[PDB]
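Below you'll find only one chain, the form deposited in one PDB entry, shown as structure tokens.
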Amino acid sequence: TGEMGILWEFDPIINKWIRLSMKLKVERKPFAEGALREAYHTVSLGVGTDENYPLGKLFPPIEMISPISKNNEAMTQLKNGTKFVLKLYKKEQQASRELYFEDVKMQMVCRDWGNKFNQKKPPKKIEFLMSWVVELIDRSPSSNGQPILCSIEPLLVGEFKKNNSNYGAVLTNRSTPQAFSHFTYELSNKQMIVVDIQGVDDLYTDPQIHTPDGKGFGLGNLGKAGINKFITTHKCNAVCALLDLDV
């Protein structure tokens, strides 16, 4: 029968969240997992407005929410019938409400970096998937009393491959993922780096940002230690050279 959700989309260019609703039907058991999360096949039963579900203390704070939601990615990318992916944290105690929003914002920040990288006209352009926060409002808060939240994103079709980790592993020999990571480090004045570059070909998802202070950007932000680990194993390649990155 499916279930209702409040759907949150972040738009970096206005620095506001957009609040919508959707109906979805998720499989009972996950098809894959990572260190922190499990992934579930889901189907959209339609996207709508949040008009029927008022009040949305409060996080995000009201000043961070657009009162207008007419323009959004969800209504096309998650339209009725769309197969997509829902992710839950594994059995959690470290997962506050704010964390879910932090994760989704992080992926949106990485989309901005992908666009910036693409403006350099690299041999292979890249793209990060949209991600959204969903509040599964039909579910009981079967824990300490906290509502059930998750993130959702489009389904990747094809061979899912991880190219680097968030702690120095270089897992494939492809240039583009490693050059992108290096690009983010140099162009951010070493104030962040995007790693955990993974997905199907150059369509990526669940990246991870490190910043020197390790603040924000989720549980996987390993700070200077994570940045240095990337450096220890990074070998510049043909794409690094084309982008004139510091050797």
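Residue numbers run from 1 along the displayed sequence. We call the rigid core the largest set of C-alpha positions that still match within 1.5 Å between the two forms.
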property: Entries skipping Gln93: at least a third of other ones; result: yes
property: Count class of deposited residues lacking coordinates, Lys83 to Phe84; result: none
property: Sequence continuity check, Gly56 and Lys57 (deposited residues unmodelled); result: 1 to 3
property: Mean Cα B-factor comparison, 16 to 24 or 223 to 231, giving the higher one as deposited; result: 223 to 231
property: Stretch with the higher entry mean CA B-factor, where the candidates are 122 to 130 and 92 to 100; result: 92 to 100
property: Most elevated Cα B-factor in the entry, residues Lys190, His210, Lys29, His182; result: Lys29
property: C-alpha B-factor winner, where the candidates are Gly114, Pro177, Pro147, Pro154; result: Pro147
property: Third of the chain's Cα B-factor distribution that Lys161 belongs to, per the entry; result: middle
property: Third of the chain's Cα B-factor distribution that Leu245 belongs to, per the entry; result: highest
property: B-factor third for the C-alpha atom of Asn72 within its chain; result: middle
property: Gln107 - which third its CA temperature factor falls in, relative to the rest of the chain; result: lowest
property: Ranked against its chain, the third holding the CA B-factor of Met64; result: highest
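There is also a form deposited in another entry; it is not shown, and the following applies to it.
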| item | value |
| --- | --- |
| Rigid core fit then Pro123 CA moved by 2 Å or more between the shown form and the other one | no |
| Is_shifted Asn173 between the shown form and the other one (CA, 2 Å cut-off, rigid core) | no |
| Threshold 2 Å Cα movement between the shown form and the other one at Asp213, rigid core reference | no |
